[PDB]
file input10.cif (mmCIF, C-alpha atoms)
data_my_file
#
loop_
_atom_site.label_atom_id
_atom_site.label_comp_id
_atom_site.auth_asym_id
_atom_site.auth_seq_id
_atom_site.Cartn_x
_atom_site.Cartn_y
_atom_site.Cartn_z
CA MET A 1 6.89 -34.44 13.11
CA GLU A 2 4.73 -33.22 10.22
CA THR A 3 2.95 -29.91 9.60
CA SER A 4 -0.29 -29.25 7.72
CA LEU A 5 -2.05 -26.05 6.73
CA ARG A 6 -5.78 -25.76 7.33
CA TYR A 7 -7.67 -23.04 5.50
CA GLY A 8 -11.17 -22.02 6.60
CA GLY A 9 -14.01 -19.93 5.20
CA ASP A 10 -17.02 -18.60 7.10
CA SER A 11 -15.15 -19.33 10.34
CA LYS A 12 -11.35 -18.94 10.41
CA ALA A 13 -8.86 -17.81 7.76
CA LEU A 14 -5.70 -19.86 8.43
CA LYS A 15 -4.59 -22.27 11.15
CA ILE A 16 -1.67 -24.70 11.59
CA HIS A 17 -2.01 -28.30 12.75
CA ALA A 18 1.04 -30.48 13.38
CA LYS A 19 1.30 -34.14 14.39
CA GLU A 20 3.78 -35.99 16.62
CA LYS A 21 4.33 -39.58 17.77
CA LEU A 22 5.93 -41.12 20.87
CA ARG A 23 6.76 -44.68 21.93
CA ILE A 24 5.41 -45.37 25.43
CA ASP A 25 5.28 -49.18 25.44
CA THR A 26 6.04 -52.10 23.14
CA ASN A 27 2.42 -52.13 21.92
CA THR A 28 1.24 -48.62 22.85
CA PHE A 29 1.54 -45.55 20.62
CA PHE A 30 1.17 -41.86 21.45
CA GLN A 31 -0.33 -39.77 18.63
CA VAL A 32 -1.28 -36.12 19.21
CA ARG A 33 -1.93 -32.86 17.37
CA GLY A 34 -1.24 -29.23 18.23
CA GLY A 35 -3.28 -26.41 16.73
CA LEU A 36 -1.68 -22.97 16.64
CA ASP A 37 -4.16 -20.07 16.67
CA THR A 38 -5.29 -18.05 13.66
CA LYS A 39 -3.50 -15.08 15.25
CA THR A 40 -0.32 -17.12 14.64
CA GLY A 41 2.24 -17.61 17.41
CA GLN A 42 0.27 -19.17 20.29
CA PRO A 43 -1.55 -22.44 21.18
CA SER A 44 -5.15 -22.94 20.09
CA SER A 45 -6.26 -26.47 20.95
CA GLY A 46 -4.82 -29.93 21.65
CA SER A 47 -5.85 -33.51 20.82
CA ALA A 48 -4.31 -36.89 21.65
CA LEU A 49 -4.71 -40.61 21.02
CA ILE A 50 -3.61 -43.72 22.92
CA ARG A 51 -3.76 -46.85 20.72
CA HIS A 52 -2.98 -50.57 20.61
CA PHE A 53 -3.08 -52.87 17.55
CA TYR A 54 -4.10 -56.45 16.77
CA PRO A 55 -2.35 -58.50 14.02
CA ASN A 56 -4.73 -61.06 12.48
CA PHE A 57 -7.62 -58.72 13.20
CA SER A 58 -5.77 -55.89 11.47
CA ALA A 59 -7.05 -52.94 13.51
CA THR A 60 -6.38 -50.64 16.46
CA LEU A 61 -8.37 -49.71 19.57
CA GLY A 62 -7.81 -46.49 21.51
CA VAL A 63 -9.29 -43.29 22.95
CA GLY A 64 -9.19 -39.72 21.66
CA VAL A 65 -9.68 -36.47 23.56
CA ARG A 66 -9.49 -32.73 22.90
CA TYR A 67 -8.96 -29.76 25.19
CA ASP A 68 -10.43 -26.31 24.61
CA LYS A 69 -9.15 -23.52 26.83
CA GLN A 70 -11.33 -22.14 29.63
CA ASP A 71 -12.44 -18.50 29.66
CA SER A 72 -15.87 -17.86 31.18
CA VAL A 73 -18.98 -20.00 31.70
CA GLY A 74 -22.33 -19.11 33.26
CA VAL A 75 -25.54 -17.67 31.83
CA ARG A 76 -24.02 -17.95 28.35
CA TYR A 77 -21.83 -20.66 26.80
CA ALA A 78 -18.95 -20.69 24.32
CA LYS A 79 -17.31 -23.10 21.89
CA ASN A 80 -14.17 -23.00 24.05
CA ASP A 81 -13.93 -24.26 27.63
CA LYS A 82 -14.80 -27.94 27.18
CA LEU A 83 -13.19 -31.38 27.33
CA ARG A 84 -14.38 -34.39 25.31
CA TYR A 85 -13.27 -38.01 25.17
CA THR A 86 -14.13 -41.02 23.02
CA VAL A 87 -13.14 -44.65 22.41
CA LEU A 88 -13.27 -46.35 19.03
CA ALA A 89 -11.92 -48.99 16.68
CA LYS A 90 -9.93 -47.98 13.59
CA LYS A 91 -10.33 -50.15 10.50
CA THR A 92 -9.39 -49.81 6.83
CA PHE A 93 -10.99 -51.75 3.97
CA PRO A 94 -9.88 -51.36 0.30
CA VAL A 95 -12.80 -52.54 -1.84
CA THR A 96 -11.90 -50.78 -5.11
CA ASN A 97 -11.11 -52.60 -8.37
CA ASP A 98 -12.94 -55.75 -7.23
CA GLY A 99 -15.58 -53.35 -5.90
CA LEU A 100 -15.64 -49.54 -6.01
CA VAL A 101 -14.94 -48.13 -2.49
CA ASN A 102 -12.28 -47.71 0.19
CA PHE A 103 -12.74 -46.41 3.77
CA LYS A 104 -10.87 -45.63 6.95
CA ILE A 105 -13.28 -45.41 9.86
CA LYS A 106 -13.49 -44.64 13.54
CA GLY A 107 -16.31 -46.60 15.17
CA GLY A 108 -17.21 -45.61 18.72
CA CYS A 109 -18.73 -43.11 21.13
CA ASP A 110 -17.83 -39.63 22.34
CA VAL A 111 -19.00 -37.64 25.37
CA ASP A 112 -18.84 -33.90 25.91
CA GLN A 113 -17.73 -32.94 29.41
CA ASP A 114 -19.82 -29.81 29.70
CA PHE A 115 -23.29 -31.30 29.18
CA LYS A 116 -24.08 -35.02 29.31
CA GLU A 117 -24.10 -35.43 25.52
CA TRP A 118 -23.26 -38.84 24.03
CA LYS A 119 -23.06 -39.79 20.34
CA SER A 120 -21.78 -42.60 18.11
CA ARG A 121 -19.81 -41.79 14.93
CA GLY A 122 -18.94 -43.00 11.43
CA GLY A 123 -15.80 -41.04 12.19
CA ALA A 124 -14.51 -41.85 8.81
CA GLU A 125 -13.68 -41.01 5.27
CA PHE A 126 -15.65 -43.32 2.94
CA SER A 127 -14.44 -43.45 -0.69
CA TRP A 128 -17.27 -43.49 -3.20
CA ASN A 129 -17.50 -42.71 -6.93
CA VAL A 130 -19.85 -39.97 -8.12
CA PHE A 131 -19.58 -37.23 -10.74
CA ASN A 132 -21.65 -37.86 -13.87
CA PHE A 133 -20.11 -34.89 -15.71
CA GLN A 134 -18.85 -34.60 -19.29
CA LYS A 135 -15.41 -33.58 -18.01
CA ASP A 136 -12.96 -36.42 -17.38
CA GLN A 137 -11.76 -34.91 -14.09
CA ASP A 138 -11.92 -37.75 -11.58
CA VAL A 139 -12.87 -36.84 -8.01
CA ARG A 140 -13.03 -38.95 -4.84
CA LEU A 141 -15.71 -38.38 -2.17
CA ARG A 142 -15.60 -39.25 1.57
CA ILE A 143 -17.75 -37.80 4.40
CA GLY A 144 -15.52 -36.28 7.01
CA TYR A 145 -18.26 -37.04 9.41
CA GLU A 146 -19.61 -38.49 12.53
CA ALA A 147 -22.60 -40.38 11.19
CA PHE A 148 -25.39 -41.31 13.61
CA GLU A 149 -27.17 -38.08 14.52
CA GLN A 150 -24.73 -35.15 14.65
CA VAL A 151 -23.19 -33.52 11.55
CA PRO A 152 -21.56 -34.58 8.24
CA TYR A 153 -19.05 -32.52 6.29
CA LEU A 154 -17.68 -33.81 2.98
CA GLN A 155 -14.05 -34.22 1.98
CA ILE A 156 -12.90 -34.61 -1.62
CA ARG A 157 -9.55 -35.07 -3.30
CA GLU A 158 -8.75 -33.25 -6.53
CA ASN A 159 -5.31 -32.92 -8.15
CA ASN A 160 -3.42 -32.83 -4.82
CA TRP A 161 -5.54 -30.84 -2.35
CA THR A 162 -8.20 -31.87 0.18
CA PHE A 163 -11.20 -29.59 0.63
CA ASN A 164 -14.47 -29.85 2.59
CA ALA A 165 -17.99 -28.56 3.21
CA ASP A 166 -19.99 -28.65 6.44
CA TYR A 167 -23.76 -28.17 6.69
CA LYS A 168 -23.09 -24.98 8.67
CA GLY A 169 -21.86 -23.30 5.46
CA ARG A 170 -18.23 -23.92 6.49
CA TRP A 171 -15.42 -24.93 4.13
CA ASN A 172 -11.69 -25.63 4.29
CA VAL A 173 -8.54 -26.90 2.59
CA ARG A 174 -5.89 -29.23 3.97
CA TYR A 175 -2.46 -29.32 2.36
CA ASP A 176 0.78 -30.88 3.62
CA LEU A 177 3.88 -28.72 4.03
#
call {"tool": "encode", "arguments": {"input": "input10.cif", "output": "structure tokens"}}
result
Amino acid sequence: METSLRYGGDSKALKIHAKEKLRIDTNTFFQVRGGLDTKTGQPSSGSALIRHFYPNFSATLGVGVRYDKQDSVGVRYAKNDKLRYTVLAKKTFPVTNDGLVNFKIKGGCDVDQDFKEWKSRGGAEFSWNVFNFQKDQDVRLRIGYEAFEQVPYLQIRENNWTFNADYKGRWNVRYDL
């Protein structure tokens, strides 16, 4: 049971996201997140994951979905009122020191139940080293993205905060409570 604050600009001011885990079977984990609205004091959205792990092939396979609440659909459409589901492998590779990178990725496909839309994603954070500035302030870059043909937004770590930019002119912070 952990809680994280998500700040937003050019979209939403503040929102809370909290994470919980449940044991269903010997080799099956429940992992889900609850988003409480910007208004503060009500639901907003829900997401969940069902996963299994392999030992020698250190990785997990599972599916992820999200539910957005229904309101009205017809001539016009809205961001809400939509269900999506995806299945992917999760893998982590530390290639720093010997190399220079480190990533945690989600490799798979998602469909939007609303319009037959299907995409594959580098649903990942890939650690790469770029700066080239006189200042000695080290920064780490990872694309909080689904790479294939959809949308990348960047995530960087500085001091002890995580902040991002999306091509839609959207930005955010994530900080643990």
call {"tool": "closest_residue", "arguments": {"input": "input10.cif", "among": "A:159, A:72, A:60, A:120", "to": "residue 138 of chain A", "atoms": "all atoms listed in the file"}}
result
A:159
call {"tool": "axis_aligned_box", "arguments": {"input": "input10.cif", "around": "segment 81-87 of chain A", "padding_each_side": "4 Å", "output": "AutoDock Vina command-line options"}}
result
--center_x -14.0 --center_y -34.5 --center_z 25.0 --size_x 9.7 --size_y 28.4 --size_z 13.2
call {"tool": "residues_around", "arguments": {"input": "input10.cif", "residues": "residue 83 of chain A", "least_positions_apart": "3", "cutoff": "8 Å", "atoms": "all atoms listed in the file", "output": "count of residues only"}}
result
7
call {"tool": "closest_residue", "arguments": {"input": "input10.cif", "among": "A:13, A:73, A:156, A:50", "to": "residue 89 of chain A", "atoms": "only C-alpha atoms"}}
result
A:50
call {"tool": "resolve_selection", "arguments": {"input": "input10.cif", "expression": "the PyMOL selection byres ((chain A and resi 127) around 12)", "output": "ChimeraX atom specification"}}
result
/A:92-96,99-105,124-126,128-130,139-144,154-157
call {"tool": "residues_near_point", "arguments": {"input": "input10.cif", "point": "(-7.7, -48.1, 21.9)", "cutoff": "10 Å", "atoms": "all atoms listed in the file", "output": "list in words"}}
result
residues 28, 29, 49, 50, 51, 52, 53, 59, 60, 61, 62, 63, 64, 86, 87, 88, 89 and 90 of chain A
call {"tool": "resolve_selection", "arguments": {"input": "input10.cif", "expression": "the PyMOL selection byres ((chain A and resi 168) around 10)", "output": "ChimeraX atom specification"}}
result
/A:10-11,151-153,165-167,169-171
call {"tool": "resolve_selection", "arguments": {"input": "input10.cif", "expression": "the PyMOL selection byres ((chain A and resi 20) around 10)", "output": "list in words"}}
result
residues 1, 2, 3, 18, 19, 21, 22, 30, 31, 32, 33, 34 and 48 of chain A
call {"tool": "residues_around", "arguments": {"input": "input10.cif", "residues": "segment 5-7 of chain A", "least_positions_apart": "2", "cutoff": "8 Å", "atoms": "all atoms listed in the file", "output": "number ranges by chain"}}
result
A: 3, 9, 12-17, 172-177
call {"tool": "atom_distance", "arguments": {"input": "input10.cif", "atom1": "atom CA of residue 164 of chain A", "atom2": "atom CA of residue 119 of chain A"}}
result
22.1 Å
call {"tool": "atom_distance", "arguments": {"input": "input10.cif", "atom1": "atom CA of residue 78 of chain A", "atom2": "atom CA of residue 108 of chain A"}}
result
25.6 Å
call {"tool": "decode", "arguments": {"input": "input10.cif", "residues": "segment 110-133 of chain A", "atoms": "N, CA and C atoms", "output": "PDB file, in the first residue's frame"}}
result
ATOM      1  N   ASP A 110      -1.582  -3.608 -27.264  1.00  0.00           N
ATOM      2  CA  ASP A 110      -2.755  -3.093 -26.569  1.00  0.00           C
ATOM      3  C   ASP A 110      -3.868  -2.830 -27.575  1.00  0.00           C
ATOM      4  N   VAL A 111      -5.111  -3.059 -27.161  1.00  0.00           N
ATOM      5  CA  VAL A 111      -6.262  -2.738 -27.997  1.00  0.00           C
ATOM      6  C   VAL A 111      -7.215  -1.828 -27.232  1.00  0.00           C
ATOM      7  N   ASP A 112      -7.769  -0.855 -27.943  1.00  0.00           N
ATOM      8  CA  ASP A 112      -8.772   0.017 -27.365  1.00  0.00           C
ATOM      9  C   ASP A 112     -10.152  -0.504 -27.737  1.00  0.00           C
ATOM     10  N   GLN A 113     -10.925  -0.836 -26.700  1.00  0.00           N
ATOM     11  CA  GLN A 113     -12.308  -1.261 -26.849  1.00  0.00           C
ATOM     12  C   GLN A 113     -13.180  -0.019 -26.871  1.00  0.00           C
ATOM     13  N   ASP A 114     -13.429   0.400 -28.098  1.00  0.00           N
ATOM     14  CA  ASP A 114     -14.081   1.662 -28.439  1.00  0.00           C
ATOM     15  C   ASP A 114     -13.947   1.884 -29.951  1.00  0.00           C
ATOM     16  N   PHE A 115     -12.775   1.535 -30.493  1.00  0.00           N
ATOM     17  CA  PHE A 115     -12.541   1.541 -31.923  1.00  0.00           C
ATOM     18  C   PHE A 115     -11.384   0.586 -32.168  1.00  0.00           C
ATOM     19  N   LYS A 116     -11.560  -0.365 -33.079  1.00  0.00           N
ATOM     20  CA  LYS A 116     -10.551  -1.400 -33.294  1.00  0.00           C
ATOM     21  C   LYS A 116      -9.171  -0.794 -33.552  1.00  0.00           C
ATOM     22  N   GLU A 117      -8.513  -0.340 -32.483  1.00  0.00           N
ATOM     23  CA  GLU A 117      -7.168   0.227 -32.617  1.00  0.00           C
ATOM     24  C   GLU A 117      -6.157  -0.651 -31.892  1.00  0.00           C
ATOM     25  N   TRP A 118      -5.118  -1.087 -32.603  1.00  0.00           N
ATOM     26  CA  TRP A 118      -4.134  -2.008 -32.033  1.00  0.00           C
ATOM     27  C   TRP A 118      -2.715  -1.477 -32.233  1.00  0.00           C
ATOM     28  N   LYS A 119      -1.926  -1.451 -31.161  1.00  0.00           N
ATOM     29  CA  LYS A 119      -0.560  -0.936 -31.245  1.00  0.00           C
ATOM     30  C   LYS A 119       0.408  -1.775 -30.413  1.00  0.00           C
ATOM     31  N   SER A 120       1.682  -1.771 -30.801  1.00  0.00           N
ATOM     32  CA  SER A 120       2.728  -2.404 -30.000  1.00  0.00           C
ATOM     33  C   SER A 120       3.528  -1.317 -29.287  1.00  0.00           C
ATOM     34  N   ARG A 121       4.129  -1.627 -28.132  1.00  0.00           N
ATOM     35  CA  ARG A 121       4.771  -0.573 -27.336  1.00  0.00           C
ATOM     36  C   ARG A 121       6.110  -0.972 -26.706  1.00  0.00           C
ATOM     37  N   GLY A 122       7.072  -0.038 -26.828  1.00  0.00           N
ATOM     38  CA  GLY A 122       8.268   0.028 -25.979  1.00  0.00           C
ATOM     39  C   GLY A 122       7.923   0.720 -24.657  1.00  0.00           C
ATOM     40  N   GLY A 123       6.983   0.030 -23.986  1.00  0.00           N
ATOM     41  CA  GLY A 123       6.304   0.497 -22.783  1.00  0.00           C
ATOM     42  C   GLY A 123       7.302   0.452 -21.659  1.00  0.00           C
ATOM     43  N   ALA A 124       8.190   1.420 -21.683  1.00  0.00           N
ATOM     44  CA  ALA A 124       9.446   1.263 -20.982  1.00  0.00           C
ATOM     45  C   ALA A 124       9.953   2.569 -20.426  1.00  0.00           C
ATOM     46  N   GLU A 125      11.041   2.442 -19.676  1.00  0.00           N
ATOM     47  CA  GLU A 125      11.869   3.581 -19.344  1.00  0.00           C
ATOM     48  C   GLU A 125      13.305   3.177 -19.663  1.00  0.00           C
ATOM     49  N   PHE A 126      13.871   3.747 -20.729  1.00  0.00           N
ATOM     50  CA  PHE A 126      15.237   3.355 -21.142  1.00  0.00           C
ATOM     51  C   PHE A 126      16.321   4.343 -20.692  1.00  0.00           C
ATOM     52  N   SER A 127      17.272   3.894 -19.866  1.00  0.00           N
ATOM     53  CA  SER A 127      18.229   4.823 -19.262  1.00  0.00           C
ATOM     54  C   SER A 127      19.413   5.060 -20.186  1.00  0.00           C
ATOM     55  N   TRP A 128      19.564   6.327 -20.563  1.00  0.00           N
ATOM     56  CA  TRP A 128      20.587   6.770 -21.495  1.00  0.00           C
ATOM     57  C   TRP A 128      21.244   8.036 -20.955  1.00  0.00           C
ATOM     58  N   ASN A 129      22.465   8.309 -21.413  1.00  0.00           N
ATOM     59  CA  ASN A 129      23.282   9.388 -20.843  1.00  0.00           C
ATOM     60  C   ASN A 129      23.524  10.535 -21.826  1.00  0.00           C
ATOM     61  N   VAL A 130      22.807  11.632 -21.615  1.00  0.00           N
ATOM     62  CA  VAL A 130      22.971  12.821 -22.452  1.00  0.00           C
ATOM     63  C   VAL A 130      22.829  14.093 -21.622  1.00  0.00           C
ATOM     64  N   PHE A 131      23.654  15.083 -21.944  1.00  0.00           N
ATOM     65  CA  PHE A 131      23.630  16.358 -21.236  1.00  0.00           C
ATOM     66  C   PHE A 131      24.513  17.369 -21.962  1.00  0.00           C
ATOM     67  N   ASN A 132      25.816  17.110 -21.971  1.00  0.00           N
ATOM     68  CA  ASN A 132      26.754  17.955 -22.703  1.00  0.00           C
ATOM     69  C   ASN A 132      26.659  19.413 -22.251  1.00  0.00           C
ATOM     70  N   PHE A 133      26.564  19.621 -20.940  1.00  0.00           N
ATOM     71  CA  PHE A 133      26.537  20.973 -20.382  1.00  0.00           C
ATOM     72  C   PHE A 133      27.700  21.176 -19.417  1.00  0.00           C
TER      73      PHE A 133
END
